[PDB]
Amino acid sequence: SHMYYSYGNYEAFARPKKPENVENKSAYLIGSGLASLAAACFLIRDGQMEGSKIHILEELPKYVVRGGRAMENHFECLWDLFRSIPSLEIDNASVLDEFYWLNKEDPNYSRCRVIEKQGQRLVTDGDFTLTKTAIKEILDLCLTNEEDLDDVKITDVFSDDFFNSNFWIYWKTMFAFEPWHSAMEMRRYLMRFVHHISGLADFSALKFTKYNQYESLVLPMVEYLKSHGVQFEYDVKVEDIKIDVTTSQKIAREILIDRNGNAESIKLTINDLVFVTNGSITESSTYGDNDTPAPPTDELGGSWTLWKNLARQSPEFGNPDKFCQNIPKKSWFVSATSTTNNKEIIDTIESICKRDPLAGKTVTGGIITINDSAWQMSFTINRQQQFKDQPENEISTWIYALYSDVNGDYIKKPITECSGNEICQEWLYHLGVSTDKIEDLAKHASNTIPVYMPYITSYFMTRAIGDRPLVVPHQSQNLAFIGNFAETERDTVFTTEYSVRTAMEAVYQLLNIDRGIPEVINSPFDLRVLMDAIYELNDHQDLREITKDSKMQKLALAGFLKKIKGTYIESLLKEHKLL
Amino acid sequence: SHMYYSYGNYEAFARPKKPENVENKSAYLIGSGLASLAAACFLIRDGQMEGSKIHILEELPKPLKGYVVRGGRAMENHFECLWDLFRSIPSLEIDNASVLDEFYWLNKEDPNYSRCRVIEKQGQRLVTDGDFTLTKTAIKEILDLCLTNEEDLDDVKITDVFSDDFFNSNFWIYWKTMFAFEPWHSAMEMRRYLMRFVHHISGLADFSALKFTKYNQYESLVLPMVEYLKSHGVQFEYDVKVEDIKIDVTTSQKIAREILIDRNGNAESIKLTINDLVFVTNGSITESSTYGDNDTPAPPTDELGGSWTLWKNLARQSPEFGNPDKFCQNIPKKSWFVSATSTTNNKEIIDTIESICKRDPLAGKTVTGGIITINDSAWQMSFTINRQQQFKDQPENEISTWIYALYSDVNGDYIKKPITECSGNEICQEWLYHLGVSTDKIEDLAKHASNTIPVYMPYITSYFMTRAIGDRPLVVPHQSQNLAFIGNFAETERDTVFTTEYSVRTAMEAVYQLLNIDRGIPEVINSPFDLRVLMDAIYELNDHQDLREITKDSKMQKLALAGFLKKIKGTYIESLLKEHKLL
Ligand SMILES: Cc1cc2nc3c(=O)[nH]c(=O)nc-3n(C[C@H](O)[C@H](O)[C@H](O)COP(=O)(O)OP(=O)(O)OC[C@H]3O[C@@H](n4cnc5c(N)ncnc54)[C@H](O)[C@@H]3O)c2cc1C
Ligand SMILES: CCCCCCCC[C@@H](O)CCCCCCCCC(=O)O
Ligand SMILES: CCCCCCCC/C=C\CCCCCCCC(=O)O
Ligand SMILES: [K+]
């Protein structure tokens with residue numbers, strides 16, 4: 001139905017024929033976020049649309065870290081795209097090459113993932129400490145149809161054993177799950193990343209770009225698009241799109257914009273495609289400084305207002321209110337980037353992560369979680385420096401806190417009432433810095449910039465099938481929805497992969513491109529991977545240990561083992577350490 | 001061990017860094033087969049070896065009485081190494097396009113499928129054509145074979161693991177003819193085939209999973225590689241017969257020291273260092289092939305040509321170099337030996353084929369979509385007509401049919417002689433007979449309207465001979481510093497021989513190991529570990545029966561299924577089973 005899914009090298013390496021009649025078509029891409037950028041690259045590369053017919057409408061005209069960071073090997077659509085984007089750092093190489101080599105020579109992993117009691121490593125760090133009841137809850141969730149998970153919370157499907165496991169510590173902090181978030185999305189994550197469970201506790205599965213996501217992913221694509229003549233249109237806010245929703249078709253007819261404070265309108269025909277990135281987790285963000293809190297806001301911005309205006313033209317365009325209203329005041333809102341050249345801080349980090357922060361390699365290898373922090377705070381030092389023109393004596397630490405309405409342990413205030421230096425103080429406290437030194441180090445030996453993001457948890461809010469518009473709604477002729485609030489099967493939002501996937505599916509479907517789209521990696525269907533998951537989830541126990549204290553399963557196991565003794569199934573189980 | 005297996009787009013699209021010290025290395029590739037050429041291409045593209053330091057050593061120096069077809073078995077999408085290679089090889093047909101791009105577009109424009117797979121009784125379609133007619137016993141035997149460890153199948157034959165129900169099934173007709181399996185062949189390799197291609201079980205009977213090049217293999221695969229290699233300065237050396245390679249074998253090292261060659265009559269010797277790599281294609285299924293013509297049989301032979309002599313000479317220097325005798329010796333005389341290429345512009349023959357395969361042979365698109373099997377032919381004969389013409393110099397009013405017989409020592413039904421005693425025109429008459437041509441016309445249409453070239457291949461079944469782990473050398477034997485074995489008599493995991501993929505796979509593995517290239521090699525496709533594929537396979541193997549139909553007969557299975565279903569009622573597992581038609 002205008003696209004199909006594939007895997008393996010045949011479809012990966014094959015090139016689509018130029019799509020029919022693309023020469024008389026144009027594209028309008030609302031926003032210059034990564035999904036729109038990705039949709040424009042696919043239009044250039046696989047649609048062979050001329051860049052002059054491709055219009056990226058962005059609101060803006062013309063340290064803080066984190067647009068994105070962690071990636072994995074099985075970002076199948078992202079790597080398809082970025083093998084074709086030249087590096088801005090290596091000659092005759094793609095962003096993929098740069099990244100692939102970088103991560104070979106300095107492969108990621110954490111030497112200390114969770115701390116407590118002011119800088120001590122958690123004694124069970126590395127184990128999931130899941131009881132058999134918790135594991136059963138995990139499988140039961142995977143065995144639940146997604147259809148049966150409308151509006152279901154994480155707390156509805158897990159008991160306290162689960163929430164007391166180390167597993168949950170590692171999972172909620174690395175992915176930013178709150179207990180009230182969508183069990184649907186939690187389920188997709190479990191199945192989506194099962195091949196990396198072996199790397200969950202020590203982040204051995206993660207891979208990072210050289211610099212921040214903008215210097216390493218966005219700018220390369222902007223440059224790719226500029227060299228192909230893509231028209232970037234600034235000072236343009238898209239307020240509405242008039243869509244004709246009939247019994248047989250949906251056609252976007254008109255883009256209503258404010259172009260430099262002036263109300264204008266872009267008339268569309270059936271051959272003008274519109275790519276809407278609906279919803280935004282970064283909109284309405286505010287910034288503090290070392291002595292000022294990022295001020296809280298519940299303002300809807302352009303992105304949310306546009307989706308709401310689209311949603312009033314058809315329920316098939318989604319339900320933005322499920323995502324941008326009723327966000328619990330406890331949710332993550334604040335992140336901070338703390339910069340310092342102070343040797344005591346840097347040295348304290350080294351004595352925890354066991355790596356020289358200033359060496360230019362992995363440091364924390366991903367977030368260290370402060371497990372007994374009131375704020376449920378985690379922080380990471382990536383490869384330093386994360387910016388191109390930053391002094392090589394400086395580190396930049398990124399801090400976030402899952403709980404926003406709880407007094408700190410040292411700064412007895414909610415993070416939303418904290419200046420940069422105060423967030424720094426709470427962090428240094430949990431690092432174990434002598435409290436007699438913390439205040440001055442935060443105020444005069446560091447600079448910490450907080451950001452308040454009202455919608456940073458928005459992707460994970462409990463939802464129902466239908467709350468997210470399909471990438472190409474039923475009967476849509478020239479309208480697609482892209483990014484992490486659009487609907488596609490199996491893949492997990494809050495990833496850059498999801499933004500590139502939806503962009504590729506939108507371009508391919510709307511132009512009818514005759515090439516397969518890589519399916520979400522088939523890990524949860526791979527018996528090899530499933531064998532490993534059991535092994536790892538049970539903290540490296542074989543099937544005899546797993547069933548030890550249970551009469552019913554040790555009898556079923558016995559029967560099974562008599563049946564499989566000396567077979568290939570036995571050999572597989574042994575290779576995967578289950579026997 | 002100097003490699004790793006991978007899958008997914010990350011490693012597929014990634015480029016390896018230039019391997020360490022490759023500027024001081026050279027390569028010698030014995031022969032111009034596809035594996036050797038494939039290796040040369042990986043040397044260029046991923047090794048970044050200088051072309052002038054790559055030396056292809058080929059016997060031949062650079063007279064047949066008709067077009068000859070072969071080498072062009074089908075391909076499938078999940079030839080993972082092959083497409084990794086040919087995405088990088090320029091098409092000679094389409095500008096600005098790889099061989100993959102050309103193949104890809106062609107097979108979407110003219111997808112392959114068969115409209116008539118098995119005939120009998122002189123041109124009549126098999127009534128059950130389409131079905132596997134597998135009994136539950138037979139199905140249990142297939143599954144029981146896959147659940148057997150490879151190690152316990154040493155020297156086991158296919159007749160040792162299957163019984164009467166299976167051998168009487170359409171499945172086995174389809175299977176044995178399309179893959180050229182003999183009942184005495186390796187059950188280990190049959191097992192690898194079962195698992196290797198389980199994702200295509202739905203395409204077995206109508207060939208809808210097969211893909212074909214535009215032209216014969218040499219024009220579509222080999223010649224693009226040769227021009228890639230020559231454009232990069234690669235050295236081709238003709239008139240070179242390699243007789244032996246001196247290998248110093250020691251506790252911690254195997255090193256090729258010397259290549260003993262006959263170069264245009266003269267006994268010569270290429271001296272090697274550890275930095276000169278040698279790639280050996282050990283054994284050959286086409287070695288010692290002889291040709292006949294429309295009036296002459298291809299004369300039978302037992303000669304061990306150069307390839308089999310070279311391997312025996314290597315096997316003498318270490319048991320890690322394999323057992324060539326398990327493959328080139330004691331080949332049964334009933335084995336497939338003869339194929340033939342029958343070329344005609346005669347409208348009665350062409351129209352007769354059209355009436356069977358339901359397509360115009362001369363339109364330039366799929367014709368038979370792969371072999372048609374004559375199920376009741378004494379010879380167990382099959383024949384295919386690919387897209388026409390398979391040769392760029394051939395007239396547009398001509399077709400060329402490829403014909404083979406699995407049984408070489410059995411009288412024909414019309415020409416009452418074994419195929420080995422038959423002239424090109426006699427093979428054609430036996431073929432025409434089974435097409436339904438009136439016997440009054442068969443002699444004249446085979447003798448004056450057709451030109452049939454037979455080929456006798458002593459070793460054409462040799463890939464499938466019953467073997468034991470260890471008979472095939474590893475692609476890079478343990479501790480080998482500059483010696484690799486490539487092609488379909490070298491050992492790698494899971495993959496299936498008698499396929500171009502296996503040749504390219506070994507090539508890739510050899511080059512990557514010997515040069516320590518830091519990029520993943522695509523694993524054999526993971527279909528046999530894929531629950532969705534295994535579900536589809538149960539459905540298809542039981543001729544599209546959901547599980548309730550499958551268990552009707554066994555009141556106890558009817559029960560076990562009763563329980564399973566309540567354990568999974570309303571769950572994802574149920575939904576998957578319904579999606580894959582088992583409920
Ligand atoms: C701090 C942070 C860290 C992250 N880290 C990771 C990570 O480590 N790994 C990972 O996989 N993922 C991560 N993510 C998720 C990832 O960043 C997102 O999935 C992705 O960046 C979203 O891209 P998008 O363009 O689809 O969404 P957006 O970029 O939000 O798309 C909307 C954009 O278009 C513009 N726009 C919106 N509305 C309008 C309008 N009406 N008119 C004009 N312009 C408009 C806005 O400027 C906005 O930026 C992270 C996200 C954040 C916020
Ligand atoms: C496990 C394999 C790949 C996982 C995909 C990663 C993307 C996860 C996503 O939920 C966004 C993360 C949000 C911010 C949390 C802190 C960042 C920690 C981190 O970068 O992992
Ligand atoms: C696990 C048991 C498997 C059950 C039977 C498996 C059947 C495999 C079937 C079909 C393959 C059909 C042909 C696919 C491409 C062949 C390419 C070639 O000729 O080399
Ligand atoms: K899929």
# chains A, B, ... in the order shown; residues from 1 in each chain; ligands from 1
>>> closest_atom_pairs(of="chain B", to="ligand 3", cutoff="6 Å", atoms="only C-alpha atoms and all ligand atoms", output="CSV")
residue,atom,partner,partner_atom_place_in_ligand_line,distance
B:73,CA,ligand 3,19 (O),5.8
B:74,CA,ligand 3,19 (O),4.5
B:75,CA,ligand 3,17 (C),4.8
B:76,CA,ligand 3,15 (C),5.1
B:143,CA,ligand 3,2 (C),5.5
B:146,CA,ligand 3,1 (C),5.8
B:194,CA,ligand 3,6 (C),4.1
B:195,CA,ligand 3,1 (C),5.0
B:197,CA,ligand 3,8 (C),4.2
B:198,CA,ligand 3,8 (C),3.9
B:200,CA,ligand 3,10 (C),4.4
B:201,CA,ligand 3,9 (C),3.8
B:203,CA,ligand 3,12 (C),5.5
B:204,CA,ligand 3,12 (C),4.1
B:209,CA,ligand 3,14 (C),5.4
B:210,CA,ligand 3,15 (C),5.4
B:499,CA,ligand 3,20 (O),5.2
B:537,CA,ligand 3,4 (C),5.9
>>> write_last_selection(atoms="C-alpha atoms", output="PDB file, in the first residue's frame")
ATOM      1  CA  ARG B  73      21.606 -20.767 -11.380  1.00  0.00           C
ATOM      2  CA  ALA B  74      18.941 -18.605  -9.826  1.00  0.00           C
ATOM      3  CA  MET B  75      19.705 -15.982  -7.231  1.00  0.00           C
ATOM      4  CA  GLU B  76      17.620 -14.727  -4.355  1.00  0.00           C
ATOM      5  CA  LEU B 143      12.050 -30.922  11.050  1.00  0.00           C
ATOM      6  CA  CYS B 146      16.983 -29.575  10.956  1.00  0.00           C
ATOM      7  CA  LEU B 194      16.416 -26.534   4.327  1.00  0.00           C
ATOM      8  CA  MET B 195      17.441 -23.914   6.878  1.00  0.00           C
ATOM      9  CA  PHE B 197      16.098 -20.963   2.269  1.00  0.00           C
ATOM     10  CA  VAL B 198      13.193 -21.511   4.671  1.00  0.00           C
ATOM     11  CA  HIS B 200      11.298 -18.798   0.489  1.00  0.00           C
ATOM     12  CA  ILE B 201       9.231 -21.904   1.146  1.00  0.00           C
ATOM     13  CA  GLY B 203       8.186 -19.686  -3.631  1.00  0.00           C
ATOM     14  CA  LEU B 204       9.394 -23.257  -3.977  1.00  0.00           C
ATOM     15  CA  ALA B 209      11.572 -16.408  -5.115  1.00  0.00           C
ATOM     16  CA  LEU B 210      14.058 -16.819  -7.955  1.00  0.00           C
ATOM     17  CA  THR B 499      25.423 -21.023  -5.117  1.00  0.00           C
ATOM     18  CA  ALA B 537       7.017 -22.597   7.111  1.00  0.00           C
TER      19      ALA B 537
END
>>> closest_atom_pairs(of="chain A", to="chain B", cutoff="6 Å", atoms="only C-alpha atoms", output="Markdown table")
| residue | atom | partner | partner_atom | distance |
| --- | --- | --- | --- | --- |
| A:9 | CA | B:80 | CA | 5.5 |
| A:10 | CA | B:77 | CA | 5.6 |
| A:14 | CA | B:101 | CA | 5.6 |
| A:73 | CA | B:10 | CA | 5.8 |
| A:76 | CA | B:9 | CA | 5.4 |
| A:79 | CA | B:10 | CA | 5.7 |
| A:97 | CA | B:14 | CA | 5.9 |
| A:143 | CA | B:572 | CA | 4.9 |
| A:144 | CA | B:571 | CA | 5.2 |
| A:145 | CA | B:572 | CA | 4.8 |
| A:525 | CA | B:531 | CA | 5.3 |
| A:526 | CA | B:530 | CA | 4.9 |
| A:527 | CA | B:529 | CA | 5.3 |
| A:567 | CA | B:148 | CA | 5.4 |
| A:568 | CA | B:149 | CA | 4.9 |
>>> write_last_selection(atoms="C-alpha atoms", output="PDB file, in the first residue's frame")
ATOM      1  CA  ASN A   9      21.531  -6.031   1.790  1.00  0.00           C
ATOM      2  CA  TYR A  10      19.590  -6.367  -1.483  1.00  0.00           C
ATOM      3  CA  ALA A  14      19.522  -1.125  -4.335  1.00  0.00           C
ATOM      4  CA  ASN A  73      23.837  -0.219  15.540  1.00  0.00           C
ATOM      5  CA  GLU A  76      18.356   1.061  10.253  1.00  0.00           C
ATOM      6  CA  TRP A  79      22.238   4.776   8.727  1.00  0.00           C
ATOM      7  CA  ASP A  97      31.983   6.592   8.270  1.00  0.00           C
ATOM      8  CA  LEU A 143       2.785 -10.912  25.300  1.00  0.00           C
ATOM      9  CA  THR A 144      -0.006  -8.282  25.538  1.00  0.00           C
ATOM     10  CA  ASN A 145      -1.347  -7.015  22.225  1.00  0.00           C
ATOM     11  CA  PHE A 525      11.546 -12.589  16.738  1.00  0.00           C
ATOM     12  CA  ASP A 526      15.119 -13.962  16.703  1.00  0.00           C
ATOM     13  CA  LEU A 527      15.280 -17.059  18.892  1.00  0.00           C
ATOM     14  CA  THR A 567      19.687 -32.050  19.443  1.00  0.00           C
ATOM     15  CA  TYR A 568      20.413 -28.727  17.793  1.00  0.00           C
TER      16      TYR A 568
END
>>> select_by_dssp(residues="segment 154-310 of chain A", states="strand (DSSP E)", output="count of residues only")
36
>>> select_by_dssp(residues="segment 150-328 of chain A", states="helix (DSSP H, G or I)", output="PyMOL selection string")
chain A and resi 154-157+160-164+166-175+183-192+194-199+213-227+302-311+315-317+321-324
>>> residues_near_ligand(ligand="ligand 4", cutoff="12 Å", atoms="only C-alpha atoms and all ligand atoms", output="number ranges by chain")
A: 3-7, 192, 488-491, 516-525; B: 530, 532
>>> residues_around(residues="segment 49-56 of chain B", least_positions_apart="4", cutoff="7 Å", atoms="only C-alpha atoms", output="JSON, numbers by chain")
{"B": [22, 23, 26, 27, 28, 29, 30, 31, 32, 43, 44, 232, 233, 234, 235, 236, 237]}
>>> residues_around(residues="segment 396-403 of chain A", least_positions_apart="3", cutoff="9 Å", atoms="only C-alpha atoms", output="ChimeraX atom specification")
/A:63-66,172-173,176-178,329-340,367,374-382,384-386,406,414-415,423-424,427,448,450
>>> residues_near_ligand(ligand="ligand 2", cutoff="7 Å", atoms="only C-alpha atoms and all ligand atoms", output="PyMOL selection string")
chain A and resi 69-72+173-176+193+196+200+205-206+366-367+494-495
>>> write_last_selection(atoms="N, CA and C atoms", output="short mmCIF file (atom, residue, chain, number, x, y, z; two decimals), in the first residue's frame")
data_model
loop_
_atom_site.label_atom_id
_atom_site.label_comp_id
_atom_site.auth_asym_id
_atom_site.auth_seq_id
_atom_site.Cartn_x
_atom_site.Cartn_y
_atom_site.Cartn_z
N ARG A 69 21.75 12.28 21.58
CA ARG A 69 23.11 11.77 21.77
C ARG A 69 23.23 10.30 21.36
N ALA A 70 22.67 9.38 22.16
CA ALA A 70 22.99 7.97 22.04
C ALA A 70 22.28 7.33 20.85
N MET A 71 23.02 6.53 20.12
CA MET A 71 22.51 5.78 18.98
C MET A 71 22.91 4.33 19.18
N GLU A 72 22.39 3.48 18.30
CA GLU A 72 22.75 2.08 18.32
C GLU A 72 23.00 1.58 16.90
N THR A 173 16.09 5.73 33.79
CA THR A 173 17.01 6.88 33.68
C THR A 173 17.62 6.98 32.28
N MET A 174 17.94 5.84 31.67
CA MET A 174 18.56 5.93 30.36
C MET A 174 17.55 6.33 29.30
N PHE A 175 16.28 5.99 29.50
CA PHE A 175 15.27 6.33 28.51
C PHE A 175 14.34 7.43 28.96
N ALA A 176 14.43 7.87 30.21
CA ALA A 176 13.55 8.93 30.74
C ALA A 176 12.10 8.47 30.82
N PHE A 193 14.66 -3.13 21.75
CA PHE A 193 16.07 -3.11 22.10
C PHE A 193 16.52 -4.39 22.78
N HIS A 196 20.11 -5.67 22.80
CA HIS A 196 21.13 -4.92 23.54
C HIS A 196 21.03 -5.11 25.04
N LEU A 200 22.74 -3.28 28.64
CA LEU A 200 21.87 -2.28 29.24
C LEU A 200 22.53 -1.65 30.46
N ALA A 205 26.18 -1.04 24.64
CA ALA A 205 25.45 -0.99 23.38
C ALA A 205 25.38 0.40 22.78
N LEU A 206 25.76 1.43 23.52
CA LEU A 206 25.57 2.79 23.04
C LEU A 206 26.73 3.28 22.18
N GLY A 366 27.98 7.43 29.20
CA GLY A 366 26.55 7.49 29.47
C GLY A 366 26.30 7.89 30.91
N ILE A 367 25.01 8.00 31.23
CA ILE A 367 24.63 8.66 32.47
C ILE A 367 25.05 7.84 33.68
N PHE A 494 11.16 9.05 20.97
CA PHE A 494 12.33 9.60 21.67
C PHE A 494 13.64 9.06 21.07
N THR A 495 13.62 8.63 19.80
CA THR A 495 14.87 8.29 19.11
C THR A 495 14.99 9.11 17.83
#
>>> residues_near_ligand(ligand="ligand 1", cutoff="8 Å", atoms="only C-alpha atoms and all ligand atoms", output="ChimeraX atom specification")
/A:30-37,57-60,65-71,236-240,257,277-283,301-306,335,456,482-485,493-500
>>> residues_around(residues="residue 547 of chain A", least_positions_apart="3", cutoff="12 Å", atoms="only C-alpha atoms", output="VMD selection string")
chain A and resid 132 538 541 to 544 550 to 558 578 to 579
>>> residues_around(residues="segment 577-582 of chain B", least_positions_apart="3", cutoff="7 Å", atoms="only C-alpha atoms", output="list in words")
residues 535, 536, 539, 546, 547, 573 and 574 of chain B
